[PDB]
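K.L.:
Pasting in a structure now, in structure tokens, and then I'll have a few things to ask.
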Amino acid sequence: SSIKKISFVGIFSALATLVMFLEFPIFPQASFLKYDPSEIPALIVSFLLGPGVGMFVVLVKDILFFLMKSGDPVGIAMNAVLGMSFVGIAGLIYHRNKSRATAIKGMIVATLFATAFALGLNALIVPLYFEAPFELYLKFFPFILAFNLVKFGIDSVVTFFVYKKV
Ligand SMILES: Cc1cc2nc3c(=O)[nH]c(=O)nc-3n(C[C@H](O)[C@H](O)[C@H](O)CO)c2cc1C
Ligand SMILES: CCCCCCCCCO[C@@H]1O[C@H](CO)[C@@H](O)[C@H](O)[C@H]1O
Ligand SMILES: CCCCCCCCCO[C@@H]1O[C@H](CO)[C@@H](O)[C@H](O)[C@H]1O
């Protein structure tokens with residue numbers, strides 16, 4: 001009903017901006033990697049309303065979260081770029097032909113893509129963010145792998161329990 005779903009998007013993006021405050025490192029070595037469940041409202045909006053909408057909410061979520069945490073411009077752009085890639089790919093697989101089999105085929109792939117996109121991103125980001133040589137990224141490599149694999153893997157299954165609980 002247009003005005004119905006636009007506020008649905010509005011409050012869901014605001015929901016995701018709030019849970020982004022419960023972020024924790026989970027990895028003491030790679031402390032900059034912080035997990036929040038703020039990609040689960042996006043993954044739900046992306047399934048109902050479309051991939052482009054799901055990437056819209058993580059874009060505005062982080063913009064809001066950046067306006068309130070105006071100090072991590074690189075660590076929020078990384079989150080958005082990776083988050084937009086996760087919900088966009090997952091929404092596309094479940095789109096076209098709506099099916100439960102594709103809904104898990106998409107979350108398996110979207111978890112694997114975002115993880116690969118993060119490693120390729122941090123290869124030329126971690127050296128510059130810490131003003132350090134490329135070997136520091138190699139020290140951080142298995143933690144970036146396990147993190148985004150677990151982060152989007154958890155977001156995938158937790159969204160699945162909700163999608164199956166109806
Ligand atoms: C150098 C750096 C690397 C990051 N890498 C990832 C990542 O690989 N996967 C991810 O989900 N989030 C990543 N983040 C997301 C991070 O939790 C978010 O941007 C926080 O708000 C950091 O300020 C990264 C952040 C920074 C600063
Ligand atoms: C319109 C139908 C959609 C289904 C209803 C589910 C509502 C939200 C999805 O789950 C929950 O969202 C919270 C807020 O972000 C998270 O804190 C929590 O971890 C997660 O479990
Ligand atoms: C083996 C000898 C040399 C090759 C090492 C591999 C590549 C490392 C590059 O170092 C550079 O150092 C700067 C400051 O130290 C960083 O700001 C910069 O991001 C980084 O690009």
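Letters A, B, ... go to the chains of the structure tokens in the order shown; residues in each chain start at 1; ligands are counted from 1 in the same order.
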Taking only C-alpha atoms and all ligand atoms and a cut-off of 7 Å, can you tell me which residues surround ligand 2, written as a ChimeraX atom specification?

P.N.:
/A:15-16,19,37-38,40-41,44,158-159,162

K.L.:
Residues of the last selection are to be written out with N, CA, C and O atoms, as an mmCIF file, in the first residue's frame.

P.N.:
```
data_model
loop_
_atom_site.group_PDB
_atom_site.id
_atom_site.type_symbol
_atom_site.label_atom_id
_atom_site.label_comp_id
_atom_site.auth_asym_id
_atom_site.auth_seq_id
_atom_site.Cartn_x
_atom_site.Cartn_y
_atom_site.Cartn_z
ATOM 1 N N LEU A 15 15.216 0.195 13.302
ATOM 2 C CA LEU A 15 15.467 -0.964 14.154
ATOM 3 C C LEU A 15 16.904 -1.444 14.006
ATOM 4 O O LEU A 15 17.600 -1.687 14.999
ATOM 5 N N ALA A 16 17.368 -1.575 12.762
ATOM 6 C CA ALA A 16 18.722 -2.049 12.514
ATOM 7 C C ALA A 16 19.767 -1.060 13.017
ATOM 8 O O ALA A 16 20.832 -1.472 13.489
ATOM 9 N N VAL A 19 20.126 -1.805 16.947
ATOM 10 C CA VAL A 19 20.850 -3.011 17.337
ATOM 11 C C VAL A 19 22.321 -2.928 16.959
ATOM 12 O O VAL A 19 23.136 -3.704 17.474
ATOM 13 N N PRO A 37 23.651 -7.603 14.945
ATOM 14 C CA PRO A 37 22.618 -8.308 14.177
ATOM 15 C C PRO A 37 21.807 -7.373 13.294
ATOM 16 O O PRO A 37 20.678 -7.696 12.912
ATOM 17 N N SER A 38 22.376 -6.216 12.956
ATOM 18 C CA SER A 38 21.653 -5.197 12.207
ATOM 19 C C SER A 38 21.463 -5.546 10.737
ATOM 20 O O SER A 38 20.877 -4.741 10.005
ATOM 21 N N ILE A 40 19.893 -8.422 9.890
ATOM 22 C CA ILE A 40 18.758 -9.342 9.889
ATOM 23 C C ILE A 40 17.477 -8.600 9.515
ATOM 24 O O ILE A 40 16.684 -9.131 8.724
ATOM 25 N N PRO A 41 17.212 -7.392 10.040
ATOM 26 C CA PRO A 41 16.084 -6.621 9.490
ATOM 27 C C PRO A 41 16.227 -6.345 8.005
ATOM 28 O O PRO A 41 15.229 -6.366 7.274
ATOM 29 N N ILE A 44 15.322 -9.399 5.990
ATOM 30 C CA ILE A 44 13.884 -9.637 5.977
ATOM 31 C C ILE A 44 13.185 -8.668 5.033
ATOM 32 O O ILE A 44 12.282 -9.057 4.283
ATOM 33 N N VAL A 158 19.686 -17.288 11.527
ATOM 34 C CA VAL A 158 18.723 -16.640 12.416
ATOM 35 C C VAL A 158 17.548 -16.093 11.616
ATOM 36 O O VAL A 158 16.391 -16.177 12.046
ATOM 37 N N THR A 159 17.825 -15.537 10.436
ATOM 38 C CA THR A 159 16.746 -15.130 9.544
ATOM 39 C C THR A 159 15.953 -16.335 9.058
ATOM 40 O O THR A 159 14.741 -16.233 8.829
ATOM 41 N N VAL A 162 13.340 -17.474 11.601
ATOM 42 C CA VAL A 162 12.178 -16.593 11.542
ATOM 43 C C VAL A 162 11.334 -16.904 10.311
ATOM 44 O O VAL A 162 10.099 -16.940 10.381
#
```

K.L.:
Within 6 Å of ligand 1, which residues of chain A come that close, and what is the closest atom pair and distance in Å for each? Count only C-alpha atoms and all ligand atoms and give it as JSON lines.

P.N.:
```
{"residue": "A:32", "atom": "CA", "partner": "ligand 1", "partner_atom_place_in_ligand_line": "26 (C)", "distance": 5.3}
{"residue": "A:33", "atom": "CA", "partner": "ligand 1", "partner_atom_place_in_ligand_line": "17 (O)", "distance": 4.4}
{"residue": "A:34", "atom": "CA", "partner": "ligand 1", "partner_atom_place_in_ligand_line": "17 (O)", "distance": 3.6}
{"residue": "A:35", "atom": "CA", "partner": "ligand 1", "partner_atom_place_in_ligand_line": "17 (O)", "distance": 5.7}
{"residue": "A:72", "atom": "CA", "partner": "ligand 1", "partner_atom_place_in_ligand_line": "23 (O)", "distance": 4.9}
{"residue": "A:74", "atom": "CA", "partner": "ligand 1", "partner_atom_place_in_ligand_line": "27 (C)", "distance": 5.5}
{"residue": "A:75", "atom": "CA", "partner": "ligand 1", "partner_atom_place_in_ligand_line": "19 (O)", "distance": 3.0}
{"residue": "A:76", "atom": "CA", "partner": "ligand 1", "partner_atom_place_in_ligand_line": "19 (O)", "distance": 3.9}
{"residue": "A:78", "atom": "CA", "partner": "ligand 1", "partner_atom_place_in_ligand_line": "19 (O)", "distance": 5.3}
{"residue": "A:79", "atom": "CA", "partner": "ligand 1", "partner_atom_place_in_ligand_line": "15 (C)", "distance": 4.4}
{"residue": "A:118", "atom": "CA", "partner": "ligand 1", "partner_atom_place_in_ligand_line": "8 (O)", "distance": 4.4}
{"residue": "A:126", "atom": "CA", "partner": "ligand 1", "partner_atom_place_in_ligand_line": "1 (C)", "distance": 5.2}
{"residue": "A:144", "atom": "CA", "partner": "ligand 1", "partner_atom_place_in_ligand_line": "8 (O)", "distance": 5.1}
{"residue": "A:148", "atom": "CA", "partner": "ligand 1", "partner_atom_place_in_ligand_line": "9 (N)", "distance": 4.5}
```

K.L.:
Give me the residues of chain A that have any atom at most 8 Å from an atom of ligand 3; for each, the nearest atom pair and the distance in Å, rounded to one decimal. Use only C-alpha atoms and all ligand atoms, sort by chain and number, and format it as a tab-separated table.

P.N.:
```
residue	atom	partner	partner_atom_place_in_ligand_line	distance
A:124	CA	ligand 3	19 (O)	7.5
A:125	CA	ligand 3	19 (O)	8.0
A:126	CA	ligand 3	19 (O)	7.6
A:127	CA	ligand 3	19 (O)	4.0
A:128	CA	ligand 3	19 (O)	4.2
A:129	CA	ligand 3	19 (O)	7.7
A:130	CA	ligand 3	17 (O)	7.2
A:131	CA	ligand 3	17 (O)	3.7
A:132	CA	ligand 3	16 (C)	4.5
A:133	CA	ligand 3	10 (O)	3.7
A:134	CA	ligand 3	8 (C)	4.2
A:135	CA	ligand 3	6 (C)	6.5
```

K.L.:
Could you please take those selected residues and save N, CA, C and O atoms as a short mmCIF file (atom, residue, chain, number, x, y, z; two decimals), in the first residue's frame?

P.N.:
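Result file part-v2.cif:
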```cif
data_model
loop_
_atom_site.label_atom_id
_atom_site.label_comp_id
_atom_site.auth_asym_id
_atom_site.auth_seq_id
_atom_site.Cartn_x
_atom_site.Cartn_y
_atom_site.Cartn_z
N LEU A 124 43.66 -4.36 0.77
CA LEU A 124 44.14 -3.02 0.48
C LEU A 124 43.52 -1.97 1.40
O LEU A 124 43.66 -0.77 1.14
N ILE A 125 42.84 -2.38 2.47
CA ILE A 125 42.27 -1.47 3.46
C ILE A 125 43.03 -1.55 4.78
O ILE A 125 43.42 -0.52 5.34
N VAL A 126 43.24 -2.76 5.30
CA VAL A 126 43.95 -2.93 6.58
C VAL A 126 45.34 -2.32 6.54
O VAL A 126 45.76 -1.72 7.54
N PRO A 127 46.13 -2.48 5.47
CA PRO A 127 47.42 -1.77 5.43
C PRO A 127 47.29 -0.27 5.59
O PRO A 127 48.08 0.34 6.32
N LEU A 128 46.30 0.35 4.95
CA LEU A 128 46.19 1.80 5.00
C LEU A 128 45.53 2.28 6.29
O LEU A 128 45.88 3.35 6.80
N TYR A 129 44.57 1.52 6.82
CA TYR A 129 43.88 1.95 8.04
C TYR A 129 44.82 1.95 9.24
O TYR A 129 44.71 2.81 10.12
N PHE A 130 45.74 1.00 9.29
CA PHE A 130 46.73 0.93 10.36
C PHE A 130 48.09 1.49 9.95
O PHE A 130 49.03 1.42 10.74
N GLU A 131 48.20 2.04 8.74
CA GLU A 131 49.45 2.61 8.24
C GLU A 131 50.59 1.60 8.31
O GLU A 131 51.75 1.95 8.54
N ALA A 132 50.26 0.32 8.11
CA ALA A 132 51.17 -0.79 8.36
C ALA A 132 51.45 -1.55 7.07
O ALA A 132 50.73 -1.37 6.08
N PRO A 133 52.47 -2.40 7.03
CA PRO A 133 52.73 -3.18 5.81
C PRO A 133 51.65 -4.23 5.57
O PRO A 133 50.76 -4.46 6.38
N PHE A 134 51.76 -4.87 4.40
CA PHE A 134 50.78 -5.87 3.98
C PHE A 134 50.81 -7.12 4.84
O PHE A 134 49.83 -7.87 4.86
N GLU A 135 51.92 -7.37 5.56
CA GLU A 135 52.00 -8.55 6.40
C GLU A 135 51.03 -8.49 7.58
O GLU A 135 50.65 -9.54 8.11
#
```

K.L.:
With distances taken over only C-alpha atoms, which residue among A:115, A:99, A:46, A:31 lies nearest residue 9 of chain A?

P.N.:
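Of A:115, A:99, A:46, A:31, the one nearest residue 9 of chain A, counting only C-alpha atoms, is A:46.
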
K.L.:
My list of candidates is A:43, A:82, A:20, A:49. Which is closest to residue 66 of chain A when distances are computed with only C-alpha atoms?

P.N.:
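Smallest distance to residue 66 of chain A is found for A:20.
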